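One chain comes next, on its own, written out as structure tokens in the form deposited in one PDB entry.
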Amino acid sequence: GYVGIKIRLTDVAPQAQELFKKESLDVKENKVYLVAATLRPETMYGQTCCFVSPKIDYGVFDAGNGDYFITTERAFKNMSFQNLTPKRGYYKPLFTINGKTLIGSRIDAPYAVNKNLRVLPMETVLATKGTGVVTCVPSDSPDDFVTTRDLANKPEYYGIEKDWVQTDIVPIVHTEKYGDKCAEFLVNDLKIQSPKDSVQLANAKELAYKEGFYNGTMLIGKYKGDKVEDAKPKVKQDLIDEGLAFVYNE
């Protein structure tokens, strides 16, 4: 039970341009989407980039009616068994593309208040989970906060431009326990120092989940002031209704 978020690829990285030209895929007259898997549609207001893994070969899949999806082959195969693709049981990529080739691309992300978003590398993406595409919400995701900090602190080391990473976080969800940027609060509190502190990050993630859902209040968007508990399914429905998202199961 994930929510897939359709993140429009508006200009592809130079190293990806040769490849897209070759298969006659125009990201301007076609709707090419990176599809992020989330459990938190209510956080979409606070996207600051979209993550892919340097270590994953993604497929570019014909998603029907002029849409194309960039996910792992695993996730598009699953989608083809729940009427989310043109033909049931068909999941041949038009071609494959490695995560690194996409780094630096420009994107539009549904509901994001920040503008000029980029695709950025996340080494800690689990290839077998969701779509392998992970959207970045530094205010409320411990993992996203830790990776962002690490990208901004060592940008030359990661092969990225500093301009690409947003560090000014606009608060999205108010909690009474961890303030207005619960991911920051918890990363500081648990003193998590690397994207690879898996156990501690799982702990932080779990604590942020419970608090955000039961005690979180929206600070932005249509349902500002509302409890996350009440607002979340509405935001999710709006996104689906506007064609910006869809549900899909594992």
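The term rigid core refers to the maximal set of C-alpha atoms that superpose within 1.5 Å between the two forms. Numbering starts at 1 and runs along the sequence shown.
J.: Comparing 131-139 with 79-87, which stretch shows the greater average C-alpha B-factor in the deposited entry?
T.: Mean B over CA atoms: larger for 79-87.
J.: When the C-alpha temperature factors are averaged for each of 16-24 and 235-243, which stretch ends up with the higher value in the entry?
T.: Higher mean C-alpha B-factor: 16-24.
J.: Which one, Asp144, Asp168, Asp108, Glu123, has the peak C-alpha temperature factor per the PDB entry?
T.: That would be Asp168, according to the entry.
J.: Quick one: which of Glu42, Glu206, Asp189, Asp67 has the biggest Cα B-factor according to the entry?
T.: When the deposited C-alpha B-factors of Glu42, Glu206, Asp189, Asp67 are compared, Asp189 is largest.
J.: Check where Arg74 lands among this chain's C-alpha B-factors and tell me if it's the lowest, middle or highest third.
T.: Answer is highest: the recorded C-alpha B-factor places it there.
J.: Is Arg149 in the lowest, middle or highest third of its chain when residues are ranked by C-alpha B-factor?
T.: For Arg149, whose C-alpha B-factor we compare with every modelled residue in the chain, the answer is the middle third.
J.: Would the CA B-factor of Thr38 place it in the lowest, middle or highest third of its chain?
T.: Lowest third of the chain for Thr38's C-alpha B-factor.
J.: Is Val60 in the lowest, middle or highest third of its chain when residues are ranked by C-alpha B-factor?
T.: It falls in the middle third of the chain.
J.: Mind checking which third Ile97 falls in for C-alpha B-factor across the chain?
T.: For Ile97, the deposited C-alpha B-factor lands in the middle third.
Only in words, not in the display: the form deposited in another entry, which the text now covers.
J.: After the core is superposed, which of these residues, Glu211, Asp67, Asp57, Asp197, moves its CA 2 Å or more between this form and the one not shown?
T.: After core superposition, the single residue displaced by 2 Å or more is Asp197.
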